[PDB]
Every structure is written in structure tokens, then in C-alpha cells.
Amino acid sequence: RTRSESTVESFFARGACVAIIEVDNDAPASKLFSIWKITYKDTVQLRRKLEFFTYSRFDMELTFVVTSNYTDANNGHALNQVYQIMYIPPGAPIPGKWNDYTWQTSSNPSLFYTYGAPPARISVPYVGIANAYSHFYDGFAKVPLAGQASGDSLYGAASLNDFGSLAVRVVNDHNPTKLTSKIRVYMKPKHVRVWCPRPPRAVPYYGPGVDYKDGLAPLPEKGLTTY
Amino acid sequence: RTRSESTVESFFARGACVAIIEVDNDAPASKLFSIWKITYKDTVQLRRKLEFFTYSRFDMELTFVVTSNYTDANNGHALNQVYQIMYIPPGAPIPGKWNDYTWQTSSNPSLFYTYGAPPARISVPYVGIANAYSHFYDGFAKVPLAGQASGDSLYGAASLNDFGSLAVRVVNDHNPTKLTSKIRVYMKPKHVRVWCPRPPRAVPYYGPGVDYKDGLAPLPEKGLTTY
Amino acid sequence: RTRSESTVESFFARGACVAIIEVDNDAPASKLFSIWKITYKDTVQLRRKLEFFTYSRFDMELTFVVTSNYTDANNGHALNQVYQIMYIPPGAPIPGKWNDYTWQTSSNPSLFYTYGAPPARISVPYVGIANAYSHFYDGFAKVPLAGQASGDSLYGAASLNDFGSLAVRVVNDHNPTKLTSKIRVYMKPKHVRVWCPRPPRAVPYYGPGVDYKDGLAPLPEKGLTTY
Amino acid sequence: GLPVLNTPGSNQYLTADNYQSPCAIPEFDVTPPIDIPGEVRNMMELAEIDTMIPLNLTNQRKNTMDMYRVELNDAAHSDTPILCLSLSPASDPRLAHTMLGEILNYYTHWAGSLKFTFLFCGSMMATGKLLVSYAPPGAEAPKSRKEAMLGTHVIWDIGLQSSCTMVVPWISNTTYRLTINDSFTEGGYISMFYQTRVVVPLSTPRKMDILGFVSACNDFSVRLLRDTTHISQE
Amino acid sequence: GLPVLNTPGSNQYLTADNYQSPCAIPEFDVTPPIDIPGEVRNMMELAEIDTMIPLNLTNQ
Amino acid sequence: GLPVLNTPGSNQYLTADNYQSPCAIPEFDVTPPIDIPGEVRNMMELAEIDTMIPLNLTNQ
Amino acid sequence: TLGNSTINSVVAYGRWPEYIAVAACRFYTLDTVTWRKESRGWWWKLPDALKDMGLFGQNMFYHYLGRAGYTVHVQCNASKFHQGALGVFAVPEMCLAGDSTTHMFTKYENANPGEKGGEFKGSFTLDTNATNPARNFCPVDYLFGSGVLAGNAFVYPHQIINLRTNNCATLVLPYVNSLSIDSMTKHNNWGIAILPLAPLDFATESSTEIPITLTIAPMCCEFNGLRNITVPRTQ
Ligand SMILES: CCCCCCCCCCCCC/C=C/[C@H](O)[C@H](N)CO
Ligand SMILES: CCCCCCCCCCCCC/C=C/[C@H](O)[C@H](N)CO
Ligand SMILES: CCCCCCCCCCCCC/C=C/[C@H](O)[C@H](N)CO
């Protein structure tokens with residue numbers, strides 16, 4: 001009996017949903033474009049699996065599953081939509097309107113997806129500025145100095161997990177009818193290395209940190225002398 | 001004259017329908033998701049072919065043929081649907097709602113199918129916890145013990161044929177119009193080995209066991225001295 | 001000048017239409033499934049080409065071109081249809097209803113075609129029970145014996161050209177609107193060998209045999225001493 | 001990318017195709033096989049096993065054990081047949097539901113020799129000689145021992161041995177026969193007659209039973225897998 | 001997978017094409033051929049046979 | 001181009017598949033790894049560590 | 001000879017029993033049954049039939065896991081003026097149909113009768129008592145008790161006792177299972193079915209009865225998982 005399926009590679013060799021980005025195709029209450037900051041902490045399953053360890057390196061595979069629907073019955077028909085997903089690394093200009101110049105994406109990587117096509121997919125290598133990703137950071141970005149007023153940075157927040165965002169829009173000019181679309185993002189780590197195992201999360205997550213608020217009594221009742 | 005087409009491989013080298021899973025795409029009398037327990041005993045033809053033998057090993061190929069239709073005439077149009085089929089191995093959490101967290105499928109294998117694409121297809125190896133599958137099990141899961149009240153397990157039922165389930169939903173947000181879909185599951189055993197041939201079933205099947213209730217007089221009348 | 005295009009292979013290297021099978025997608029005057037007995041004698045061109053010879057061997061390539069249409073204007077829309085074509089070899093149970101168990105096709109070869117896809121195509125080898133196909137059979141299946149009442153089999157009819165049938169249905173559940181579909185079957189013999197050339201048919205075909213009824217005066221008038 | 005052209009047949013699902021597909025459970029550690037007794041490699045191996053023939057399918061016998069027993073008695077010699085069978089191993093109702101017939105009903109074409117064994121189940125004090133005959137097809141079915149004697153046949157002495165096997169060798173115009181009732185591929189006739197009568201002493205049962213078994217020989221083969229008519233779902 | 005580009009002519013059915021297709025009856029044991037008299041390899045072999053000319057195509 | 005035939009399973013997304021995809025950041029100069037203590041290769045290595053059992057799961 | 005017990009043969013699937021206790025595994029004689037003219041057949045389960053046999057039953061109930069092959073010897077003698085035939089079939093995983101509209105409703109105490117075994121019926125009777133269901137097997141002889149034609153039961157390892165020829169049958173059954181070793185109290189590896197293929201007859205006597213005796217020796221026995229004694233519930 002070998003341990004092939006319990007290797008770290010096999011443990012993480014699954015596409016996990018991390019985001020549902022919602023966009024609308026409508027004439028300018030609607031949202032003609034959406035910005036999603038790239039993280040695995042919006043969901044729980046992949047986060048709990050990753051937080052078995054303190055540090056990690058891996059490449060990432062992103063898959064995009066796109067669904068769409070009409071909002072009103074017999075309101076009319078629509079032609080097949082094209083979606084733009086633009087990666088905005090930290091520092092790049094962020095779109096402020098559906099039609100602003102930033103969508104020209106001369107230097108930003110961009111993906112154009114045609115509805116009805118198989119889910120889109122890209123891969124990226126290990127992009128951390130440190131030698132590994134930090135699942136936990138016990139420190140501050142700024143040390144407050146004597147003389148400073150009431151260096152107030154949040155606990156655990158550091159730019160070592162700042163990877164930019166995804167800006168998503170519908171490229172088509174707006175139909176006479178309103179359409180709603182959702183893009184589901186699935187992450188798969190590849191070529192994984194991990195360090196410093198930790199006990200798994202036992203209570204519900206509360207925020208991007210390790211704070212807990214509710215569900216603090218997980219274990220059930222079981223008699224000591226009862227099998 | 002060779003016996004190439006009567007080998008055990010050739011005898012089972014066909015995709016046989018084993019299930020018709022029905023789902024609906026409607027606003028929340030409808031069924032927005034369906035759970036099907038994985039078995040070949042919902043149909044008869046493949047079951048009868050397999051029960052020529054007592055034990056078997058093989059890999060399995062699953063093919064999914066998806067069809068859909070509107071429920072009402074001229075009620076409106078719909079955008080192309082995406083279907084999620086998630087394998088839930090025994091012990092994994094079972095979805096209770098269309099939108100519950102379990103669909104994130106961080107560790108469960110999942111398949112996303114786009115309507116109009118060729119039927120979906122996956123393969124799995126021999127996954128039995130024993131050294132072979134048991135088509136027949138002459139025993140109980142629990143032995144009732146003296147002292148126990150009125151170990152009452154069903155005859156022949158054992159966890160050696162428990163392979164989990166398939167949870168099927170439509171990923172798209174619900175259209176203004178009601179849509180109905182059916183997913184037909186086709187099984188093909190591959191690399192088959194079989195042991196202990198048995199006489200074939202002669203009367204209609206009745207339940208997952210060998211019980212019989214009706215049609216107990218299969219043979220017709222034929223004179224002894226009539227060709 | 002070589003004779004490459006007059007070889008027997010080149011003479012038959014064309015897909016010839018042999019059948020137009022009509023099916024309907026409607027709620028249960030309609031025909032929700034159709035049975036077509038496999039033969040090349042429903043059409044004339046391929047039959048006349050084949051009947052240049054007495055005996056033949058070849059593999060067969062079948063191509064299926066599927067077309068469909070609405071029956072009423074503005075009656076509504078429909079989702080893309082899936083068609084099942086099941087080969088029923090002689091002796092296999094024949095479907096009697098659109099939804100009967102036979103469509104599970106555990107042992108029958110079956111083909112699922114998605115509308116809008118390129119025409120479907122399969123190949124079969126030489127499947128004759130004799131050493132060659134018989135285009136002509138000068139005999140009976142039964143010899144009537146003295147003592148028998150008024151062995152009455154048809155002249156020329158023998159089971160040496162019995163190859164089963166094709167059962168065709170629409171897999172989708174029935175739309176609110178009526179749809180009509182036609183499947184055109186195109187045959188191409190391959191790796192052809194032929195024996196015993198015959199004079200070509202000169203008058204219109206009448207039935208599966210060599211009988212003639214009409215058009216018995218094919219040749220025109222032409223003066224003997226006129227160029 | 002690489003220039004490609006989609007040929008006809010693209011995107012079809014043929015249930016008899018043989019293609020690769022992605023594995024849904026990668027890196028699974030499969031349980032190794034053990035040496036289980038009774039492995040089968042070919043369905044013909046099951047057709048080569050003798051199984052009892054339900055010969056006596058009368059109104060009062062069918063769907064009971066009595067349908068397997070053919071009664072002999074010690075009456076005076078006669079030329080009337082004891083049993084008559086058509087050599088249609090998949091469509092004759094008496095052979096269709098044996099193991100051989102059940103295997104044959106999953107295929108369209110069959111060829112090869114057959115083996116018919118008959119077991120005499122009377123007392124040890126019983127004697128008699130029987131004639132077992134195969135007539136190839138084409139003529140009227142034999143209705144007396146005179147006509148049956150002209151075909152292939154064997155003489156069975158029950159006193160000498162209680163079980164006797166007649167091999168029906170493969171004799172056909174076509175290379176294969178159909179597994180349905182078809183005149184062009186008819187098989188012939190199997191018949192049983194009294195060669196002498198059955199003789200018993202006093203204080204002995206005067207009626208006894210014989211049983212019939214059929215199997216395929218090593219030259220048997222089948223073709224064109226198909227669905228059976230022996231199972232249906234409602 | 002492998003990067004591919006669909007050229008024009010994709011998804012067409014040309015009745016004169018020569019392509020492979022899947023076998024619908026795998027592992028079929030084909031009946032061997034016998035030596036039948038009168039085999040033909042080329043249709044010109046039939047055109048090289050003398051046949052009678054209907055020369056007198058008058059009304060009667 | 002090259003004659004091809006799309007088999008069933010084309011255009012599906014299986015979350016357990018293992019396929020190549022295009023790189024969205026080509027020519028990225030990846031930071032090399034360092035020798036961090038406590039590397040893990042197999043989850044069973046974590047299961048081989050003794051952990052305390054909550055044996056006394058009574059109400060109080 | 002096996003142990004202190006002493007005395008054609010058929011080796012099931014041509015495989016002699018083999019290892020992957022020693023004294024306990026010997027020939028044991030079950031209770032004799034009476035073959036009558038109207039008898040329909042008998043069945044037993046192995047290792048269930050031997051559960052109260054000396055040290056073998058003790059080892060069965062003291063261990064979690066056990067495996068064994070068997071040697072089954074059927075004994076039935078009559079005169080040269082008797083006629084009749086028995087078929088003795090050894091069936092791996094011999095599941096028998098129940099008697100109720102509920103699937104797989106046969107209770108453990110009825111599925112494991114012991115050395116007495118059970119009898120086949122000529123026809124199927126449906127148990128209708130709903131307040132107190134019988135939850136017993138209803139095995140029909142011509143359906144071989146499992147919905148298959150008895151005429152094809154000859155695909156199983158088998159012997160025929162023809163009264164005019166022989167009076168005994170010997171079947172050597174190796175351990176057959178999807179596992180190398182299993183629980184002997186949860187699972188019966190083998191079933192023995194004896195059906196009258198030809199009815200018993202004796203001249204001018206509609207009263208004749210003859211005994212049939214079964215002697216079974218477990219072989220190549222292995223036990224593992226010694227713990228306290230298992231005491232199954234009885235009815
Ligand atoms: C052109 C279409 C968009 C494709 C580009 C996708 C964005 C590029 C990847 C940025 C995200 C880096 C991977 C993230 C790693 C995890 O967050 C770390 N484990 C954090 O600790
Ligand atoms: C991600 C999409 C779903 C793909 C995963 C499919 C489920 C995995 C296979 C589970 C079923 C195992 C094969 C079953 C074997 C038969 O039931 C045995 N012969 C039972 O005796
Ligand atoms: C699974 C989809 C259906 C594919 C199977 C197609 C049917 C199999 C082929 C049967 C027909 C055999 C070829 C026929 C040959 C001609 O009829 C002979 N020349 C007759 O003389």
C-alpha cells in the first residue's frame with residue numbers, strides 16, 4: 001500500500017472555487033464591470049486545506065466558468081456575449097468605467113472569453129516576492145514610532161500577499177435586454193511545496209486573519225465509558 | 001473461427017444506460033438539484049449481464065448524455081446552460097440546497113458540462129475496498145448478538161458496494177422561464193476480470209437482491225414430440 | 001493513360017443516399033421513433049451500380065446527415081436536440097415505444113448525435129454469413145414438401161441479406177412545439193471485391209427482386225442509315 | 001496552433017467506441033487482485049458446460065421440475081418417437097433457456113458442433129436399447145425409426161451405461177446460422193426412439209425418467225453481440 | 001492541450017472523402033473469402049467484352 | 001489541416017484533470033526557494049504525529 | 001482421512017483448498033434428512049452448518065476472522081430395485097429469495113438455520129402477516145431459490161447421485177471469496193443445495209423413504225483476531 005494519493009501534490013490537485021464575480025450587460029442600479037481582489041480567503045475549503053501549513057510555494061492554475069441569463073421573460077433575444085478579464089497587478093491603473101482607456105490592456109495580461117466555449121484557463125508561476133507564500137504573518141507592516149500620533153497598520157496585514165485584482169466586463173455593447181453573468185474562479189495549486197504543519201481550523205473563520213467569533217463549541221458530547 | 005467477440009472484454013465493451021437523473025432550472029414543486037446513488041441495479045440489461053458471474057474487477061467509464069427542453073410554449077428564450085456533476089464519495093458532505101457551500105468542490109471531483117457539447121466522459125479505476133466487486137453477498141453487515149433488543153441489518157446489504165453519489169445541478173442562475181434537463185448515465189466496464197459463473201436471471205428482478213415476486217412462469221408450452 | 005479511376009474501388013468510392021428516416025419531437029398522428037430495415041434497395045443509383053455484379057465483399061461506411069425544422073411559425077423556440085440511432089441486429093428486441101427499456105442499449109451498438117454537429121459516421125466490416133454478399137439469389141428459403149398444405153416462401157427471399165434495422169428517436173423530452181427531423185443515410189462500400197458481372201438494369205426497378213412492370217420500351221427510334 | 005480539420009463523426013457518442021478519457025480519481029492506489037478460483041475468460045466457456053434441457057414443456061409440466069423429466073415405460077416395442085427437438089439452440093423454447101441458449105441469445109450468429117447427453121434414471125434392474133438420431137435439414141421431419149435410422153445416429157444401451165452422448169457435428173450451407181427461427185439457416189432434427197423396448201423384472205418400477213443435457217463443443221463460436229429478449233423492464 | 005487551429009473545410013461532409021471512422025462492431029470475426037470464379041478488378045474489363053449492338057432502331 | 005475527430009468529453013471541465021494551459025505572465029523571473037525547516041511531502045507525515053485525544057467529552 | 005475421521009470426487013473449479021484450527025477441522029456428520037417421493041430439496045450454508053461442531057464452532061465464535069475450504073460427502077444408499085436421482089450443487093454466495101414484499105427482509109436467525117438447514121418449496125407463497133412477519137426464505141426449487149432456472153444450476157460445482165450407479169457424492173470446495181479472509185459469523189461462503197432431479201420410486205410402494213446423510217470436513221482452516229466469545233442472538 002503506497003501513499004501516492006496523500007502526497008502534498010495529490011492533496012491539492014483539485015480545482016477549488018474561490019470567487020463568484022457578478023457582472024451585468026445593460027444600458028448605463030447595474031454593475032457594468034466588477035473588480036475582484038485575488039485571494040483564496042473568500043471561501044473556506046481551500047483555505048482550510050492550505051492552512052494545514054505555514055509556508056508554501058506553487059504555481060497556480062485559474063479556470064473560469066461563465067454562466068449567464070436573461071432577467072425578464074420574453075423581453076427579447078441577445079447575441080452571444082464576449083467577456084474581458086483583465087489582470088491588474090498592484091500599481092496598475094484600475095478601471096473606473098466600463099469604457100475607460102485602461103481596457104486597452106497594452107501591458108496588462110487580458111483574457112477574452114466567448115460565451116458557450118469551454119471554461120477559460122490560464123496558468124501562472126510562483127509570483128511571491130518572498131521565497132515562499134505566508135499563510136500566517138505574525139507582525140505588522142508598520143512599526144509605530146514614538147512621536148507619531150495615535151504607524152497604525154492592521155495586525156497580520158502585509159503586502160506579501162498582494163497580487164492585484166481581476167477586472168471583468170462584457171465587451172459587447174449593451175443589448176436592449178438586461179443580461180446577468182457570473183464568472184466562477186477555480187484555483188489549482190501545482191508543483192506544491194509546504195512547510196511547518198499546523199493544526200487545522202476547528203471553528204468558523206472570521207475575517208482574513210485567525211480571529212474567531214462564533215461556533216466555539218465544536219465537539220459533541222460522548223460518555224467516557226461508552227464505545 | 002476465433003472467439004474474439006465472446007471474450008469477457010468484448011461481452012462488456014458497451015456503454016449501458018444505468019440512470020436518468022432529472023434536474024430543473026427554475027426560480028426557487030421543482031428540483032434544483034438531484035442526488036443519484038451510484039449503482040448498476042436501477043436497470044436490468046447490464047445487471048443481468050454482470051450477474052452471469054459472482055465476482056468481478058474492472059475500471060469504469062462513465063458517459064453523460066444531457067438533454068433539455070422548455071416547459072411552456074413561447075414563454076421566452078434562454079441562454080446556454082452549464083451543468084455541474086459532483087462526485088460525493090461516502091462520508092463527504094451532501095448538498096442540501098442548490099447554492100450551499102459544498103458545490104465549491106475543493107476536494108470532490110467535479111465535472112462542468114456545457115449544453116450542446118459532446119456527451120461528457122470520465123474514467124475511474126477499480127475502486128473496491130475488497131480484492132473484487134461482489135455481485136452477490138450471502139451475509140449481513142451486523143451479526144445480532146444475544147442481549148441486543150429486537151444488529152438488525154438487511155440481508156445481503158454490505159458497504160462493499162457503497163461508492164458514493166452524484167449531485168447534479170444547473171450552474172446558471174435561474175431563467176425567467178422554466179427548463180427541464182435529463183442526464184443519462186452510461187457505464188462501460190473495461191479491463192474486465194470475472195469469477196464464478198452463475199445461471200442467468202430467469203424472472204423479473206425485484207429490488208437490489210435476488211428476491212422474486214412476479215412473472216415466475218417464464219417458459220412457454222411446447223409438445224414433447226413436436227419439433 | 002492508366003485505369004486508376006475505373007478500378008472497382010474507385011467505382012464505388014462514393015457516399016450514396018439509401019434512406020430518409022423521418023422522426024418527430026412532439027408530445028405523445030406523430031411518430032416519436034422510426035424503424036428502418038437496412039438495405040440498399042430503397043434507392044436506385046447505388047443498387048444499379050452494385051447489380052453490375054453477382055457477388056461482392058466489402059466493408060461499409062455509414063454517414064448520417066440530420067436536418068430538422070419547426071412545423072408552425074412563431075409557435076415558440078426549442079433547445080438543441082439529441083438523436084439516438086440504435087442498431088438492432090436480427091433477433092434483438094425491437095422498440096415498441098419511445099421510452100421502452102430497449103433504448104438502454106446495453107449490448108446493441110448505439111450512436112448519439114447532437115444537432116448542428118458534422119454528420120455522424122460509423123464503419124462496419126464485411127458481416128455476411130456467407131463468403132460473399134448475394135445480389136441475386138435464384139432459390140427459396142423453404143422447399144415445399146409433399147404433404148404440406150397450400151413451405152410457401154417468396155422467390156429469391158433468403159436470410160443471407162438480413163442485417164437488422166436502425167431505430168431512430170429524439171432523446172430530448174418533448175418540446176411544447178412540434179419539431180420534424182429527417183436522417184439521411186449514405187452508404188460507401190470500401191475494400192470492394194466483386195464477382196460475375198451482369199448486364200445493367202435497363203427498365204425501372206419493381207420491388208426488391210428482378211421483376212419489371214413498366215417502362216419496358218427504353219430504347220428510342222433511330223434510322224438504320226442515319227448517323 | 002497546428003492546422004486541423006474536423007472530419008465527419010466529430011462530437012458523436014458511439015456506445016461501442018474505444019477512446020481514452022481523463023481519470024476522475026488520479027493517483028488512486030488500487031487494491032491488487034487475488035487468485036480467486038473459477039475465473040472465466042470467454043463466454044463460450046460457459047456455453048461448453050452441460051445444462052439440463054426442459055424437454056417436457058407441457059401445460060402441467062412447464063415451470064416445474066417435471067419439465068426436465070421424460071418418461072419411459074416398459075411397454076411393447078413401438079416406432080413412435082420418444083422425443084422430438086429442432087436444432088435451433090437459441091429459438092427452440094426447449095433449448096433457448098439453457099446456459100448455451102442464454103449465451104446464444106446475446107449474439108446474432110453461431111457456428112459449431114453440439115453435444116447432447118442423456119441420463120437414464122431407472123433402477124439398476126432395467127435394460128433396454130434406444131436410438132438417438134440427428135437428421136440434417138431439408139427433408140420432412142422423421143416420424144418413425146425407419147426414417148430416423150437414415151440420418152446420423154447412435155445406439156444407447158442403458159444396461160451397459162446410464163449416460164450417453166451424441167455429438168451433432170456442424171453441417172450448414174452458410175458459415176453461420178442465425179440465433180432466430182429462420183428457414184434458410186435451419187439446423188435439423190433430433191429424435192429418440194426405442195431400438196428395443198425397456199424390460200424390467202418383477203417388483204421393479206415400470207416407469208422411469210430420462211434427463212437431457214446440452215452443451216457446445218470446442219469448435220463453437222458466436223458473432224455480433226446484441227441485446228437479449230429474455231429480460232425486460234417495466 | 002496541444003495548440004490547434006481549425007482550417008476551412010472543418011465539419012464538412014464530402015461524399016468523396018477518404019477518412020477513418022470508429023468501428024460499430026469491434027472484434028467481429030469476419031468470414032474469410034473463397035475463390036469464386038469470375039472476379040473483376042476494373043470496370044474496363046467489362047467494357048472489353050463484346051456485346052450486340054441494337055443497330056435497327058426503327059419504329060417497328 | 002490534419003484530419004481530426006472530436007471524441008466525447010471534448011469541451012468539458014473536470015476539476016481533477018491534469019492539462020497544460022498558456023502562461024499569463026511569460027518570462028517571469030521566479031524567486032528561488034530557500035531551505036526552510038519543516039518541509040512536508042505527504043499528509044501521512046502529519047497523521048504520524050501524536051496528538052492528544054479529547055477522551056472526556058461530557059456535558060461539563 | 002482427515003484427523004481422526006476416516007471416510008466420484010469433484011474438486012470445485014479444479015482448485016484444491018490452500019492456506020493464504022488443525023484438530024478442530026475434521027469430518028462432522030449433520031442430522032440425516034429423509035428423501036421421500038414428494039421431497040422438493042434441501043439446502044445448507046457453510047460455515048453456518050458447522051457452527052455447533054466441537055472445537056470448530058468454538059474457533060468460529062472466538063475469532064474475528066476465519067477461512068476454510070470444505071470436503072462435503074453426501075451418502076444415500078438404496079437397493080437395485082430403487083430408482084431416483086439427486087443433484088448436489090455447491091454454490092458460492094448462495095443467496096436465497098425471501099418471502100415478503102419487502103426486499104432482503106429475511107432475518108439473521110432464519111438465514112442461518114444451522115446443521116438442519118432448510119427445504120425448497122414447489123411453489124412461491126407470499127407471507128402476508130404484517131404484524132408478525134415470518135422474515136424467512138421462500139426458495140422455489142425450479143427457480144433454484146434465487147430466480148434462476150434450476151436446469152442451469154449445473155454451471156456450479158456439482159455431483160449427481162443416480163441410484164442405479166452410485167450412492168455417494170464428494171465435493172472439495174476451496175475457500176471462495178472476494179477477500180482473503182472474512183468474518184465467519186457475518187458471511188456464508190458456500191451453499192449446498194440438494195434437489196431431486198428424478199423422483200424416488202420403489203416398486204408398488206407409495207411409502208418408500210431413504211435417508212441422506214451429509215458429512216463435512218473443513219480444510220485449510222485459518223483463524224485470526226482472538227477476543228471474547230461471540231454469542232449470536234437466536235429466535
Ligand atoms: C489574463 C487573465 C488573468 C490571468 C492572470 C491571473 C492573475 C495572476 C495570479 C495572481 C495570483 C497569484 C497566486 C496567488 C497565491 C495565493 O494567494 C498565496 N498562497 C497567498 O498566500
Ligand atoms: C467528477 C464527475 C463524476 C465522476 C466520478 C464518478 C464516480 C466514481 C466511480 C464510483 C463508482 C465505482 C464503479 C462502480 C462499480 C460497480 O458498482 C460494482 N460492480 C458493484 O458491484
Ligand atoms: C450504432 C449506430 C448504427 C451503426 C451500425 C450500422 C448497422 C450495421 C451494418 C449492417 C448492414 C451490413 C452492410 C450491408 C450490406 C449490403 O446490404 C449487402 N450488399 C446486401 O447484399
Side-chain angles (χ1 to χ4, degrees), chain B residues 41 48 51-57 126 128-161 193 195-219, chain G residues 12-13 45 48 91-112 123-124 126 135 137-138 140 142-157 176-180 182-191 230-235:
Chain B
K41 291 181 178 180
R48 189 172 188 269
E51 288 175 357
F52 268 87
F53 308 91
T54 318
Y55 305 111
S56 67
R57 287 172 65 93
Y126 169 74
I129 59 177
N131 299 100
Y133 296 133
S134 290
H135 305 156
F136 299 83
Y137 179 77
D138 188 17
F140 295 80
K142 316 164 170 180
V143 180
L145 296 173
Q148 298 192 279
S150 182
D152 190 337
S153 62
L154 292 181
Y155 176 60
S159 69
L160 44 66
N161 65 251
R193 295 181 67 186
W195 296 266
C196 294
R198 314 175 69 87
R201 185 75 180 187
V203 296
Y205 280 113
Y206 187 69
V210 313
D211 299 307
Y212 41 69
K213 182 187 177 54
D214 292 328
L216 309 183
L219 296 173
Chain G
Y13 309 116
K45 300 293 180 63
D48 168 54
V91 183
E93 310 290 355
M94 201 176 81
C95 310
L96 303 175
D99 62 346
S100 66
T101 58
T102 305
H103 313 142
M104 300 158 291
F105 200 41
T106 301
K107 74 206 309 308
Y108 179 93
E109 297 105 64
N110 294 327
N112 295 275
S123 72
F124 181 73
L126 192 67
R135 303 188 59 183
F137 287 139
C138 184
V140 179
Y142 78 89
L143 298 180
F144 204 56
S146 58
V148 301
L149 290 186
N152 301 329
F154 293 87
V155 301
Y156 294 126
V176 172
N177 198 6
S178 56
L179 296 166
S180 300
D182 205 331
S183 169
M184 281 189 155
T185 52
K186 282 182 180 185
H187 188 216
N188 285 308
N189 303 285
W190 282 100
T230 291
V231 191
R233 187 183 67 199
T234 55
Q235 205 172 201

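Heavy-atom basis, side chains included; hydrogens, waters and symmetry copies ignored. Chain letters run A, B, ... following the sequence lines, proteins first and then strands; every chain starts at 1.
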K.L.:
If you look at every heavy atom in G:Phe124 and B:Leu216, which pair is closest and at what distance?
P.N.:
CB-CD1, 3.7 Å
K.L.:
Tell me, side chain or backbone of B:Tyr206 under 4.5 Å from chain G's heavy atoms, or both, or neither?
P.N.:
both
K.L.:
Scan for salt bridge (charged side-chain N to carboxylate O under 4.0 Å, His left out) pairs involving residues 95-107 of chain G, sequence neighbours excluded, and state none if there are none.
P.N.:
G:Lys107-G:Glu109
K.L.:
I'd like to know if the side chain of B:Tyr133 and the backbone of G:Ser178 have a donor-acceptor N/O pair within less than 3.5 Å.
P.N.:
no
K.L.:
Quick check for you: among G:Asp48, G:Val91, G:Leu149, which has the greatest number of heavy-atom pairs under 4.5 Å with chain B?
P.N.:
G:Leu149
K.L.:
With rounding to the nearest 0.5 Å, note down the distance linking OG1 in G:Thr106 to CG in B:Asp211.
P.N.:
6.5 Å
K.L.:
Rounded to the nearest 0.5 Å, how far does CG of G:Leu179 lie from OG of B:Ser134?
P.N.:
7.0 Å
K.L.:
Can you tell which part of B:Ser150 gets under 4.5 Å to a heavy atom of chain G, answering side chain, backbone, both or neither?
P.N.:
backbone
K.L.:
Taking the inter-plane angle between the rings of G:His187 and B:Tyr137 on a 0 to 90° scale, is it parallel (under 30°), tilted (30 to 60°) or perpendicular (over 60°)?
P.N.:
parallel
K.L.:
Chain B heavy atoms under 4.5 Å from G:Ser180: which part of the residue, side chain, backbone, both or neither?
P.N.:
both
K.L.:
Enter the distance from B:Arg198:CZ to G:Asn152:CG here, rounded to the nearest 0.5 Å.
P.N.:
13.0 Å
K.L.:
Below 4.5 Å from any heavy atom of chain B, which atoms of G:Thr101 appear? Answer side chain, backbone, both or neither.
P.N.:
both
K.L.:
Rounded to the nearest 0.5 Å, what's the gap from CG on B:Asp138 to CG on G:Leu96? Could you check?
P.N.:
7.0 Å
K.L.:
In plain terms, say whether B:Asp152 and G:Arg135 are close enough for a salt bridge, that is, a side-chain N and a carboxylate O under 4.0 Å apart.
P.N.:
yes
K.L.:
Between the main-chain N or O of G:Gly98 and the side-chain N or O of B:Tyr155, is there a donor-acceptor pair closer than 3.5 Å?
P.N.:
no
K.L.:
Quick check on B:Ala157 against chain G: is it the side chain, the backbone, both or neither that has a heavy atom closer than 4.5 Å?
P.N.:
neither
K.L.:
Any side-chain to backbone donor/acceptor pair from G:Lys186 onto B:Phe140? Under 3.5 Å, distance only.
P.N.:
no
